[PDB]
file my_file19.cif (mmCIF, C-alpha atoms and all ligand atoms)
data_input
#
loop_
_atom_site.group_PDB
_atom_site.id
_atom_site.type_symbol
_atom_site.label_atom_id
_atom_site.label_comp_id
_atom_site.auth_asym_id
_atom_site.auth_seq_id
_atom_site.Cartn_x
_atom_site.Cartn_y
_atom_site.Cartn_z
ATOM 1 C CA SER S 2 91.595 -61.949 -26.368
ATOM 2 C CA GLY S 3 93.167 -58.588 -27.169
ATOM 3 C CA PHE S 4 92.100 -56.107 -29.844
ATOM 4 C CA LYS S 5 93.543 -56.043 -33.332
ATOM 5 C CA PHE S 6 92.488 -52.391 -33.844
ATOM 6 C CA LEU S 7 91.369 -49.806 -31.294
ATOM 7 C CA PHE S 8 90.722 -46.292 -32.553
ATOM 8 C CA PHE S 9 88.439 -43.248 -32.403
ATOM 9 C CA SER S 10 86.022 -41.767 -34.862
ATOM 10 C CA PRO S 11 86.135 -37.952 -35.045
ATOM 11 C CA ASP S 12 82.908 -37.761 -32.875
ATOM 12 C CA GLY S 13 84.566 -39.437 -30.064
ATOM 13 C CA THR S 14 83.230 -42.962 -30.487
ATOM 14 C CA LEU S 15 85.639 -45.786 -29.701
ATOM 15 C CA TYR S 16 85.888 -48.533 -32.303
ATOM 16 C CA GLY S 17 87.615 -51.869 -31.879
ATOM 17 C CA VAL S 18 88.230 -55.120 -33.713
ATOM 18 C CA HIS S 19 88.187 -58.111 -31.385
ATOM 19 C CA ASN S 20 88.116 -61.722 -32.565
ATOM 20 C CA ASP S 21 87.395 -60.590 -36.163
ATOM 21 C CA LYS S 22 84.309 -58.668 -34.985
ATOM 22 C CA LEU S 23 83.841 -54.909 -35.033
ATOM 23 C CA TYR S 24 82.462 -53.058 -32.010
ATOM 24 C CA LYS S 25 81.735 -49.413 -31.211
ATOM 25 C CA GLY S 26 80.717 -47.381 -28.199
ATOM 26 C CA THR S 27 81.658 -44.489 -26.014
ATOM 27 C CA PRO S 28 84.988 -45.184 -24.331
ATOM 28 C CA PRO S 29 85.180 -46.782 -20.891
ATOM 29 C CA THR S 30 85.328 -44.500 -17.891
ATOM 30 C CA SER S 31 86.856 -46.803 -15.260
ATOM 31 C CA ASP S 32 88.250 -50.284 -14.793
ATOM 32 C CA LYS S 33 84.724 -51.128 -13.544
ATOM 33 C CA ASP S 34 83.279 -50.381 -17.023
ATOM 34 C CA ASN S 35 82.929 -53.636 -18.969
ATOM 35 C CA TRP S 36 83.239 -51.877 -22.327
ATOM 36 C CA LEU S 37 82.916 -54.927 -24.574
ATOM 37 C CA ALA S 38 79.743 -56.092 -22.842
ATOM 38 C CA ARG S 39 77.986 -52.801 -23.609
ATOM 39 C CA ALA S 40 79.605 -52.058 -26.963
ATOM 40 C CA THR S 41 77.480 -52.335 -30.093
ATOM 41 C CA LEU S 42 78.351 -55.200 -32.391
ATOM 42 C CA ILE S 43 78.644 -53.619 -35.842
ATOM 43 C CA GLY S 44 80.373 -56.364 -37.834
ATOM 44 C CA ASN S 45 80.307 -60.147 -37.427
ATOM 45 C CA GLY S 46 83.517 -61.143 -39.212
ATOM 46 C CA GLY S 47 86.068 -60.280 -41.848
ATOM 47 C CA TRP S 48 87.775 -57.485 -39.890
ATOM 48 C CA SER X 2 106.918 -52.432 -21.118
ATOM 49 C CA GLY X 3 105.768 -51.047 -24.337
ATOM 50 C CA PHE X 4 102.384 -49.880 -25.501
ATOM 51 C CA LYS X 5 100.354 -52.023 -27.891
ATOM 52 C CA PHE X 6 98.130 -49.097 -28.943
ATOM 53 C CA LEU X 7 98.775 -45.374 -28.518
ATOM 54 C CA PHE X 8 96.269 -42.957 -29.990
ATOM 55 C CA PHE X 9 94.243 -39.774 -29.509
ATOM 56 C CA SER X 10 90.602 -39.095 -28.913
ATOM 57 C CA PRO X 11 89.272 -36.025 -30.750
ATOM 58 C CA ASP X 12 89.071 -33.993 -27.535
ATOM 59 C CA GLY X 13 92.856 -34.340 -27.262
ATOM 60 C CA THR X 14 93.104 -37.072 -24.602
ATOM 61 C CA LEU X 15 95.844 -39.646 -25.160
ATOM 62 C CA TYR X 16 94.819 -43.304 -24.863
ATOM 63 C CA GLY X 17 97.108 -46.259 -24.511
ATOM 64 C CA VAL X 18 96.988 -50.023 -24.082
ATOM 65 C CA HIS X 19 99.766 -51.322 -21.828
ATOM 66 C CA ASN X 20 99.967 -54.872 -20.417
ATOM 67 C CA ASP X 21 96.388 -55.620 -21.580
ATOM 68 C CA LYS X 22 95.089 -52.573 -19.653
ATOM 69 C CA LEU X 23 93.614 -49.348 -21.058
ATOM 70 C CA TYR X 24 94.844 -45.911 -19.864
ATOM 71 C CA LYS X 25 93.949 -42.335 -20.719
ATOM 72 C CA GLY X 26 95.149 -38.878 -19.825
ATOM 73 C CA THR X 27 96.316 -35.551 -21.184
ATOM 74 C CA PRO X 28 99.509 -36.188 -23.193
ATOM 75 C CA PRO X 29 102.906 -35.409 -21.645
ATOM 76 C CA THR X 30 104.265 -31.925 -22.200
ATOM 77 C CA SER X 31 107.895 -32.820 -21.393
ATOM 78 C CA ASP X 32 109.980 -35.907 -20.668
ATOM 79 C CA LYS X 33 109.799 -35.027 -16.984
ATOM 80 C CA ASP X 34 106.067 -35.905 -17.087
ATOM 81 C CA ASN X 35 105.568 -39.567 -16.091
ATOM 82 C CA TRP X 36 102.377 -40.140 -18.068
ATOM 83 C CA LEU X 37 101.683 -43.779 -17.226
ATOM 84 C CA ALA X 38 102.008 -43.075 -13.488
ATOM 85 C CA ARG X 39 99.325 -40.354 -13.667
ATOM 86 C CA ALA X 40 97.074 -41.805 -16.330
ATOM 87 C CA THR X 41 93.575 -42.932 -15.502
ATOM 88 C CA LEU X 42 93.147 -46.694 -15.616
ATOM 89 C CA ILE X 43 89.946 -47.284 -17.620
ATOM 90 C CA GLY X 44 90.299 -50.975 -18.338
ATOM 91 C CA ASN X 45 91.738 -53.824 -16.269
ATOM 92 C CA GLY X 46 92.255 -56.301 -19.083
ATOM 93 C CA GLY X 47 91.143 -57.772 -22.365
ATOM 94 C CA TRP X 48 92.628 -54.951 -24.429
ATOM 95 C CA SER G 2 114.979 -48.488 -36.282
ATOM 96 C CA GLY G 3 111.907 -46.636 -37.543
ATOM 97 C CA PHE G 4 108.789 -45.721 -35.585
ATOM 98 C CA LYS G 5 106.544 -47.975 -33.522
ATOM 99 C CA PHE G 6 103.679 -45.471 -33.657
ATOM 100 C CA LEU G 7 103.168 -42.412 -35.848
ATOM 101 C CA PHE G 8 99.931 -40.525 -35.415
ATOM 102 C CA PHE G 9 98.295 -37.120 -35.159
ATOM 103 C CA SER G 10 96.774 -35.281 -32.228
ATOM 104 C CA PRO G 11 93.555 -33.380 -33.048
ATOM 105 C CA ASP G 12 95.400 -30.049 -32.895
ATOM 106 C CA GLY G 13 97.556 -31.168 -35.852
ATOM 107 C CA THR G 14 100.751 -32.146 -34.012
ATOM 108 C CA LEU G 15 102.531 -35.283 -35.265
ATOM 109 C CA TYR G 16 103.431 -37.758 -32.519
ATOM 110 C CA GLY G 17 105.902 -40.582 -32.894
ATOM 111 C CA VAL G 18 107.318 -43.411 -30.767
ATOM 112 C CA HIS G 19 110.931 -44.145 -31.746
ATOM 113 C CA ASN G 20 113.364 -46.287 -29.716
ATOM 114 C CA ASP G 21 110.889 -46.390 -26.787
ATOM 115 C CA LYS G 22 110.769 -42.572 -26.620
ATOM 116 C CA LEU G 23 107.863 -40.228 -27.360
ATOM 117 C CA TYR G 24 108.278 -37.275 -29.755
ATOM 118 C CA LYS G 25 105.914 -34.553 -30.906
ATOM 119 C CA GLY G 26 106.131 -31.713 -33.376
ATOM 120 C CA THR G 27 104.658 -30.093 -36.419
ATOM 121 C CA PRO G 28 104.745 -32.574 -39.331
ATOM 122 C CA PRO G 29 107.623 -32.240 -41.810
ATOM 123 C CA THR G 30 106.957 -30.128 -44.883
ATOM 124 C CA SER G 31 109.679 -31.586 -47.127
ATOM 125 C CA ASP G 32 112.324 -34.287 -47.078
ATOM 126 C CA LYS G 33 114.857 -31.605 -46.136
ATOM 127 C CA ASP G 34 113.196 -31.555 -42.657
ATOM 128 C CA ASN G 35 114.987 -33.742 -40.125
ATOM 129 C CA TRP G 36 111.802 -34.300 -38.144
ATOM 130 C CA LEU G 37 113.356 -36.528 -35.462
ATOM 131 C CA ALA G 38 116.037 -33.938 -34.647
ATOM 132 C CA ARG G 39 113.344 -31.250 -34.845
ATOM 133 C CA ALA G 40 110.690 -32.912 -32.691
ATOM 134 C CA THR G 41 110.280 -32.306 -28.967
ATOM 135 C CA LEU G 42 111.271 -35.210 -26.739
ATOM 136 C CA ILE G 43 108.207 -35.517 -24.515
ATOM 137 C CA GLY G 44 108.916 -39.000 -23.138
ATOM 138 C CA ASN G 45 112.257 -40.668 -22.375
ATOM 139 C CA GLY G 46 111.165 -44.315 -22.316
ATOM 140 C CA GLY G 47 108.438 -46.834 -21.664
ATOM 141 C CA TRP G 48 106.548 -46.164 -24.889
ATOM 142 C CA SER U 2 91.725 -61.701 -45.208
ATOM 143 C CA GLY U 3 91.054 -59.190 -42.496
ATOM 144 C CA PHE U 4 92.075 -55.545 -42.632
ATOM 145 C CA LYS U 5 95.657 -54.281 -42.587
ATOM 146 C CA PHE U 6 94.591 -50.718 -41.669
ATOM 147 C CA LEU U 7 91.219 -49.535 -40.414
ATOM 148 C CA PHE U 8 90.925 -45.850 -39.549
ATOM 149 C CA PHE U 9 88.762 -42.736 -39.758
ATOM 150 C CA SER U 10 89.123 -39.593 -41.805
ATOM 151 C CA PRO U 11 88.227 -36.441 -39.832
ATOM 152 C CA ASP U 12 85.242 -36.025 -42.169
ATOM 153 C CA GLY U 13 83.720 -39.062 -40.493
ATOM 154 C CA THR U 14 84.375 -41.638 -43.245
ATOM 155 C CA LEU U 15 85.858 -45.040 -42.421
ATOM 156 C CA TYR U 16 88.891 -46.142 -44.455
ATOM 157 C CA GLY U 17 90.335 -49.625 -44.638
ATOM 158 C CA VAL U 18 93.032 -51.599 -46.417
ATOM 159 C CA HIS U 19 91.967 -55.145 -47.257
ATOM 160 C CA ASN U 20 94.039 -57.499 -49.460
ATOM 161 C CA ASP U 21 96.244 -54.586 -50.603
ATOM 162 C CA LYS U 22 93.227 -52.522 -51.715
ATOM 163 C CA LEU U 23 91.863 -49.308 -50.197
ATOM 164 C CA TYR U 24 88.168 -48.794 -49.385
ATOM 165 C CA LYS U 25 86.122 -46.003 -47.827
ATOM 166 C CA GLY U 26 82.532 -45.592 -46.708
ATOM 167 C CA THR U 27 80.189 -44.678 -43.910
ATOM 168 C CA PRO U 28 80.952 -46.930 -40.913
ATOM 169 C CA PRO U 29 78.761 -49.997 -40.415
ATOM 170 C CA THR U 30 75.961 -49.682 -37.868
ATOM 171 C CA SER U 31 75.042 -53.365 -37.355
ATOM 172 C CA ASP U 32 76.312 -56.858 -38.045
ATOM 173 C CA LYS U 33 73.843 -57.075 -40.968
ATOM 174 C CA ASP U 34 75.860 -54.417 -42.817
ATOM 175 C CA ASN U 35 78.171 -55.943 -45.452
ATOM 176 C CA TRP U 36 80.552 -53.018 -45.349
ATOM 177 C CA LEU U 37 83.080 -54.372 -47.819
ATOM 178 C CA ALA U 38 80.328 -55.131 -50.321
ATOM 179 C CA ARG U 39 79.055 -51.535 -50.294
ATOM 180 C CA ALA U 40 82.292 -49.615 -49.644
ATOM 181 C CA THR U 41 83.806 -47.455 -52.342
ATOM 182 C CA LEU U 42 86.963 -48.908 -53.849
ATOM 183 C CA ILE U 43 89.492 -46.080 -53.970
ATOM 184 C CA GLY U 44 92.680 -48.045 -54.522
ATOM 185 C CA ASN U 45 93.243 -51.251 -56.460
ATOM 186 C CA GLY U 46 96.611 -52.195 -54.972
ATOM 187 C CA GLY U 47 99.861 -51.138 -53.416
ATOM 188 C CA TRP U 48 98.464 -50.435 -49.929
ATOM 189 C CA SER E 2 106.040 -53.228 -50.450
ATOM 190 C CA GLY E 3 102.832 -51.640 -49.137
ATOM 191 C CA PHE E 4 102.505 -49.181 -46.277
ATOM 192 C CA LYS E 5 103.798 -49.474 -42.718
ATOM 193 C CA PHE E 6 101.620 -46.581 -41.531
ATOM 194 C CA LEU E 7 98.585 -45.032 -43.184
ATOM 195 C CA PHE E 8 96.678 -42.369 -41.297
ATOM 196 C CA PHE E 9 94.991 -38.969 -41.427
ATOM 197 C CA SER E 10 95.850 -35.522 -40.076
ATOM 198 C CA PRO E 11 92.905 -33.568 -38.654
ATOM 199 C CA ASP E 12 92.841 -31.326 -41.754
ATOM 200 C CA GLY E 13 92.016 -34.385 -43.851
ATOM 201 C CA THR E 14 95.438 -35.044 -45.371
ATOM 202 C CA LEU E 15 96.385 -38.688 -45.778
ATOM 203 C CA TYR E 16 99.885 -39.622 -44.612
ATOM 204 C CA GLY E 17 101.665 -42.842 -45.374
ATOM 205 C CA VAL E 18 105.003 -44.520 -44.700
ATOM 206 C CA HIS E 19 106.136 -46.611 -47.666
ATOM 207 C CA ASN E 20 109.637 -48.106 -48.032
ATOM 208 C CA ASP E 21 110.710 -46.049 -44.994
ATOM 209 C CA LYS E 22 109.676 -42.828 -46.767
ATOM 210 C CA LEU E 23 106.951 -40.446 -45.591
ATOM 211 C CA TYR E 24 104.314 -39.223 -48.061
ATOM 212 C CA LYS E 25 101.309 -36.945 -47.750
ATOM 213 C CA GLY E 26 98.426 -35.911 -49.942
ATOM 214 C CA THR E 27 94.710 -35.643 -50.264
ATOM 215 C CA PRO E 28 93.233 -39.146 -50.157
ATOM 216 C CA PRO E 29 92.509 -40.995 -53.418
ATOM 217 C CA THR E 30 89.103 -40.305 -54.894
ATOM 218 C CA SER E 31 88.816 -43.522 -56.927
ATOM 219 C CA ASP E 32 90.726 -46.581 -58.076
ATOM 220 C CA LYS E 33 91.973 -44.560 -61.059
ATOM 221 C CA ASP E 34 93.855 -42.198 -58.683
ATOM 222 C CA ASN E 35 97.538 -43.159 -58.492
ATOM 223 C CA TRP E 36 97.998 -41.639 -55.044
ATOM 224 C CA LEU E 37 101.653 -42.424 -54.580
ATOM 225 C CA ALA E 38 102.477 -41.052 -58.061
ATOM 226 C CA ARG E 39 101.081 -37.656 -56.945
ATOM 227 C CA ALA E 40 101.694 -37.682 -53.176
ATOM 228 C CA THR E 41 104.229 -35.234 -51.768
ATOM 229 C CA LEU E 42 107.431 -36.815 -50.544
ATOM 230 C CA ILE E 43 108.039 -35.220 -47.114
ATOM 231 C CA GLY E 44 110.543 -37.689 -45.652
ATOM 232 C CA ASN E 45 113.307 -39.569 -47.439
ATOM 233 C CA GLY E 46 114.017 -42.225 -44.786
ATOM 234 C CA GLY E 47 114.060 -43.284 -41.172
ATOM 235 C CA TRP E 48 110.287 -43.737 -40.843
HETATM 236 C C1 LIG S 101 84.652 -56.660 -43.506
HETATM 237 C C2 LIG S 101 83.130 -56.699 -43.620
HETATM 238 O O1 LIG S 101 82.490 -55.899 -44.302
HETATM 239 N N1 LIG S 101 82.496 -57.665 -42.903
HETATM 240 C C3 LIG S 101 81.047 -57.766 -42.932
HETATM 241 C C4 LIG S 101 80.507 -58.217 -41.575
HETATM 242 O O2 LIG S 101 80.871 -57.246 -40.578
HETATM 243 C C5 LIG S 101 78.994 -58.303 -41.626
HETATM 244 O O3 LIG S 101 78.503 -58.699 -40.349
HETATM 245 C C6 LIG S 101 78.618 -59.321 -42.716
HETATM 246 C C7 LIG S 101 77.137 -59.280 -42.986
HETATM 247 O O4 LIG S 101 76.816 -60.364 -43.886
HETATM 248 O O5 LIG S 101 79.170 -58.876 -43.959
HETATM 249 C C8 LIG S 101 80.573 -58.754 -44.029
HETATM 250 O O6 LIG S 101 81.171 -59.995 -43.806
HETATM 251 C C1 LIG S 102 87.790 -55.201 -23.437
HETATM 252 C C2 LIG S 102 86.991 -54.872 -22.188
HETATM 253 O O1 LIG S 102 85.873 -54.394 -22.285
HETATM 254 N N1 LIG S 102 87.613 -55.108 -20.998
HETATM 255 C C3 LIG S 102 86.913 -54.833 -19.747
HETATM 256 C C4 LIG S 102 87.882 -54.400 -18.645
HETATM 257 O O2 LIG S 102 88.567 -53.232 -19.078
HETATM 258 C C5 LIG S 102 87.099 -54.057 -17.381
HETATM 259 O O3 LIG S 102 88.054 -53.705 -16.413
HETATM 260 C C6 LIG S 102 86.252 -55.261 -16.965
HETATM 261 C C7 LIG S 102 85.349 -54.924 -15.784
HETATM 262 O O4 LIG S 102 85.001 -56.131 -15.092
HETATM 263 O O5 LIG S 102 85.399 -55.623 -18.051
HETATM 264 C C8 LIG S 102 86.080 -56.031 -19.235
HETATM 265 O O6 LIG S 102 86.967 -57.094 -18.992
HETATM 266 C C1 LIG S 103 105.237 -44.437 -20.638
HETATM 267 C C2 LIG S 103 105.668 -43.266 -19.753
HETATM 268 O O1 LIG S 103 104.855 -42.599 -19.127
HETATM 269 N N1 LIG S 103 107.004 -43.007 -19.709
HETATM 270 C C3 LIG S 103 107.534 -41.923 -18.889
HETATM 271 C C4 LIG S 103 108.623 -41.181 -19.657
HETATM 272 O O2 LIG S 103 108.114 -40.713 -20.910
HETATM 273 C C5 LIG S 103 109.106 -40.011 -18.811
HETATM 274 O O3 LIG S 103 110.166 -39.414 -19.545
HETATM 275 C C6 LIG S 103 109.549 -40.479 -17.416
HETATM 276 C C7 LIG S 103 109.800 -39.309 -16.463
HETATM 277 O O4 LIG S 103 110.296 -39.817 -15.216
HETATM 278 O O5 LIG S 103 108.537 -41.253 -16.774
HETATM 279 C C8 LIG S 103 108.067 -42.387 -17.506
HETATM 280 O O6 LIG S 103 109.070 -43.367 -17.673
HETATM 281 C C1 LIG S 104 99.536 -46.870 -53.168
HETATM 282 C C2 LIG S 104 98.885 -46.319 -54.432
HETATM 283 O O1 LIG S 104 98.987 -45.137 -54.752
HETATM 284 N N1 LIG S 104 98.206 -47.231 -55.195
HETATM 285 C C3 LIG S 104 97.560 -46.800 -56.416
HETATM 286 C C4 LIG S 104 96.310 -47.647 -56.637
HETATM 287 O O2 LIG S 104 95.477 -47.525 -55.502
HETATM 288 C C5 LIG S 104 95.573 -47.063 -57.820
HETATM 289 O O3 LIG S 104 94.397 -47.832 -57.932
HETATM 290 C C6 LIG S 104 96.497 -47.237 -59.027
HETATM 291 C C7 LIG S 104 95.880 -46.596 -60.269
HETATM 292 O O4 LIG S 104 96.610 -47.030 -61.420
HETATM 293 O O5 LIG S 104 97.709 -46.528 -58.796
HETATM 294 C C8 LIG S 104 98.470 -46.910 -57.661
HETATM 295 O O6 LIG S 104 98.905 -48.238 -57.768
HETATM 296 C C1 LIG S 105 112.299 -39.851 -39.181
HETATM 297 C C2 LIG S 105 112.933 -38.617 -39.821
HETATM 298 O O1 LIG S 105 112.916 -37.488 -39.338
HETATM 299 N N1 LIG S 105 113.538 -38.853 -40.998
HETATM 300 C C3 LIG S 105 114.165 -37.744 -41.703
HETATM 301 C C4 LIG S 105 113.968 -37.850 -43.213
HETATM 302 O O2 LIG S 105 112.582 -37.762 -43.477
HETATM 303 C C5 LIG S 105 114.604 -36.643 -43.883
HETATM 304 O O3 LIG S 105 114.366 -36.764 -45.275
HETATM 305 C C6 LIG S 105 116.093 -36.615 -43.533
HETATM 306 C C7 LIG S 105 116.780 -35.362 -44.077
HETATM 307 O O4 LIG S 105 117.876 -34.975 -43.234
HETATM 308 O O5 LIG S 105 116.230 -36.520 -42.123
HETATM 309 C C8 LIG S 105 115.660 -37.558 -41.329
HETATM 310 O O6 LIG S 105 116.327 -38.780 -41.496
#
call {"tool": "encode", "arguments": {"input": "my_file19.cif", "output": "structure tokens"}}
result
Amino acid sequence: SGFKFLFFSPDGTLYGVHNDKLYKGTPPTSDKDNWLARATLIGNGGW
Amino acid sequence: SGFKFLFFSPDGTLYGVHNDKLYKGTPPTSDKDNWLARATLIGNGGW
Amino acid sequence: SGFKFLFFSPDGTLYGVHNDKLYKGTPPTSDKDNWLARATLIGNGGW
Amino acid sequence: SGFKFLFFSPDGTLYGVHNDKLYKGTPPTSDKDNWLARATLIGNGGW
Amino acid sequence: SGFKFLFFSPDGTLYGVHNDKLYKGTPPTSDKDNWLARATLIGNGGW
């Protein structure tokens, strides 16, 4: 629970480290947007 | 109180994590501008 | 003490959170620049 | 273990500090991508 | 003692806070680049 890092790439993609995993995707648009469920998993550990 | 993350997207929108929630909005232009009151809630928790 | 956050906006302005307040201004060019005295107070608390 | 800093350059390259060393490279695109194995070492300590 | 902050400006300059001092410079190109030996000191304390 909670992100360790949460930051943008210069194209506007949101990146986040959550439970040692790395995710990316376009940023959420509302509190109805389950961002983590639709984010792409781009790293399985070590972050 | 207190933000856990406070950062910019490349289009100039300010993003912030406050009390596990995610907020965005144009940055304040003066200390009369209550940013958190006018920011768009874009995540209800898990941040 | 020091800063809680210190980060750039995409237009090149340096932002900083210091003693719960939000500051912005052009980045310092030498150690003779008192950036905190020089920056614009854009938020009086809650940061 | 884990990263101490993880952030983007405006040229699109991902930078990270891991165990006091500095690395850069294209961001990972999947959890098969061993980013730290293929990243360019650009700093052997002090970070 | 490492860096407290390490981040880019949108023109590609790397900024870092180290022992409460603020440094800037082009990012290191390889592990043979002593960045902090050649970085510009732009803040002597308070960071
Ligand atoms: C910090 C880092 O590069 N972690 C990666 C991880 O994301 C990836 O899923 C795994 C693939 O084997 O390799 C590494 O552990
Ligand atoms: C980290 C993350 O994606 N959190 C979101 C939250 O912001 C959103 O309000 C909720 C919708 O049900 O889904 C997830 O919990
Ligand atoms: C986090 C946040 O938006 N803080 C603001 C503060 O910056 C501003 O000076 C004040 C104006 O009334 O309102 C809020 O407290
Ligand atoms: C913080 C910093 O500038 N560290 C560098 C290190 O990355 C580099 O590999 C070394 C070369 O001798 O010099 C310095 O220690
Ligand atoms: C956070 C900040 O602005 N620190 C500066 C420091 O960089 C500068 O060298 C000194 C010179 O007067 O003034 C301030 O203390």
call {"tool": "resolve_selection", "arguments": {"input": "my_file19.cif", "expression": "the PyMOL selection byres (((not hetatm)) within 10 of (chain S and resi 105))", "output": "compact mmCIF listing (two decimals) with C-alpha atoms, keeping the file's coordinate frame"}}
result
# COMPACT_ATOMS: atom_id res chain seq x y z
CA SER G 2 114.98 -48.49 -36.28
CA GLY G 3 111.91 -46.64 -37.54
CA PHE G 4 108.79 -45.72 -35.58
CA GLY G 17 105.90 -40.58 -32.89
CA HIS G 19 110.93 -44.14 -31.75
CA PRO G 28 104.74 -32.57 -39.33
CA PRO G 29 107.62 -32.24 -41.81
CA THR G 30 106.96 -30.13 -44.88
CA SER G 31 109.68 -31.59 -47.13
CA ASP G 32 112.32 -34.29 -47.08
CA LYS G 33 114.86 -31.60 -46.14
CA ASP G 34 113.20 -31.56 -42.66
CA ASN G 35 114.99 -33.74 -40.12
CA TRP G 36 111.80 -34.30 -38.14
CA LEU G 37 113.36 -36.53 -35.46
CA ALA G 38 116.04 -33.94 -34.65
CA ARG G 39 113.34 -31.25 -34.84
CA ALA G 40 110.69 -32.91 -32.69
CA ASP E 21 110.71 -46.05 -44.99
CA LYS E 22 109.68 -42.83 -46.77
CA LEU E 23 106.95 -40.45 -45.59
CA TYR E 24 104.31 -39.22 -48.06
CA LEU E 42 107.43 -36.82 -50.54
CA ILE E 43 108.04 -35.22 -47.11
CA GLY E 44 110.54 -37.69 -45.65
CA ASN E 45 113.31 -39.57 -47.44
CA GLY E 46 114.02 -42.22 -44.79
CA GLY E 47 114.06 -43.28 -41.17
CA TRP E 48 110.29 -43.74 -40.84
call {"tool": "resolve_selection", "arguments": {"input": "my_file19.cif", "expression": "the PyMOL selection byres ((chain S and not hetatm) within 12 of (chain E))", "output": "JSON, numbers by chain"}}
result
{"S": [8, 9, 10, 11]}
call {"tool": "write_last_selection", "arguments": {"input": "my_file19.cif", "atoms": "C-alpha atoms", "output": "PDB file, in the coordinates of the input"}}
result
ATOM      1  CA  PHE S   8      90.722 -46.292 -32.553  1.00  0.00           C
ATOM      2  CA  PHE S   9      88.439 -43.248 -32.403  1.00  0.00           C
ATOM      3  CA  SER S  10      86.022 -41.767 -34.862  1.00  0.00           C
ATOM      4  CA  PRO S  11      86.135 -37.952 -35.045  1.00  0.00           C
TER       5      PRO S  11
END
call {"tool": "resolve_selection", "arguments": {"input": "my_file19.cif", "expression": "the PyMOL selection byres (((chain X and resi 27) around 6) and not hetatm)", "output": "PyMOL selection string"}}
result
chain X and resi 14-15+26+28
call {"tool": "atom_distance", "arguments": {"input": "my_file19.cif", "atom1": "atom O1 of ligand LIG 102 (chain S)", "atom2": "atom CA of residue 18 of chain X"}}
result
12.1 Å
call {"tool": "axis_aligned_box", "arguments": {"input": "my_file19.cif", "around": "ligand LIG 103 (chain S)", "padding_each_side": "5 Å", "output": "JSON"}}
result
{"center_x": 107.6, "center_y": -41.9, "center_z": -18.1, "size_x": 15.4, "size_y": 15.1, "size_z": 15.7}
call {"tool": "atom_distance", "arguments": {"input": "my_file19.cif", "atom1": "atom CA of residue 25 of chain E", "atom2": "atom CA of residue 13 of chain E"}}
result
10.4 Å
call {"tool": "atom_distance", "arguments": {"input": "my_file19.cif", "atom1": "atom CA of residue 20 of chain X", "atom2": "atom CA of residue 6 of chain X"}}
result
10.5 Å
call {"tool": "build_atoms", "arguments": {"input": "my_file19.cif", "residues": "segment 31-40 of chain E", "atoms": "N, CA, C and O atoms", "output": "compact mmCIF listing (two decimals), in the coordinates of the input"}}
result
# COMPACT_ATOMS: atom_id res chain seq x y z
N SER E 31 89.32 -42.36 -56.21
CA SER E 31 88.82 -43.52 -56.93
C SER E 31 89.99 -44.41 -57.30
O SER E 31 91.15 -44.00 -57.23
N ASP E 32 89.67 -45.63 -57.75
CA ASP E 32 90.73 -46.58 -58.08
C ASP E 32 91.56 -46.15 -59.27
O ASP E 32 92.60 -46.77 -59.53
N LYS E 33 91.15 -45.11 -59.99
CA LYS E 33 91.97 -44.56 -61.06
C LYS E 33 92.99 -43.53 -60.56
O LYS E 33 93.82 -43.07 -61.33
N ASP E 34 92.98 -43.21 -59.26
CA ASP E 34 93.86 -42.20 -58.68
C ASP E 34 95.15 -42.87 -58.21
O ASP E 34 95.15 -43.58 -57.20
N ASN E 35 96.24 -42.66 -58.94
CA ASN E 35 97.54 -43.16 -58.49
C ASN E 35 98.05 -42.21 -57.42
O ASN E 35 98.74 -41.23 -57.69
N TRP E 36 97.69 -42.52 -56.16
CA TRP E 36 98.00 -41.64 -55.04
C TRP E 36 99.49 -41.46 -54.88
O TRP E 36 99.98 -40.34 -54.69
N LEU E 37 100.24 -42.55 -54.89
CA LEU E 37 101.65 -42.42 -54.58
C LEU E 37 102.42 -41.77 -55.74
O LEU E 37 103.46 -41.15 -55.50
N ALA E 38 101.87 -41.81 -56.96
CA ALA E 38 102.48 -41.05 -58.06
C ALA E 38 102.35 -39.54 -57.87
O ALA E 38 103.18 -38.78 -58.37
N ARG E 39 101.33 -39.08 -57.13
CA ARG E 39 101.08 -37.66 -56.94
C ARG E 39 101.24 -37.19 -55.50
O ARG E 39 101.18 -35.98 -55.25
N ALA E 40 101.47 -38.10 -54.55
CA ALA E 40 101.69 -37.68 -53.18
C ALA E 40 102.98 -36.87 -53.06
O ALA E 40 103.91 -36.99 -53.87
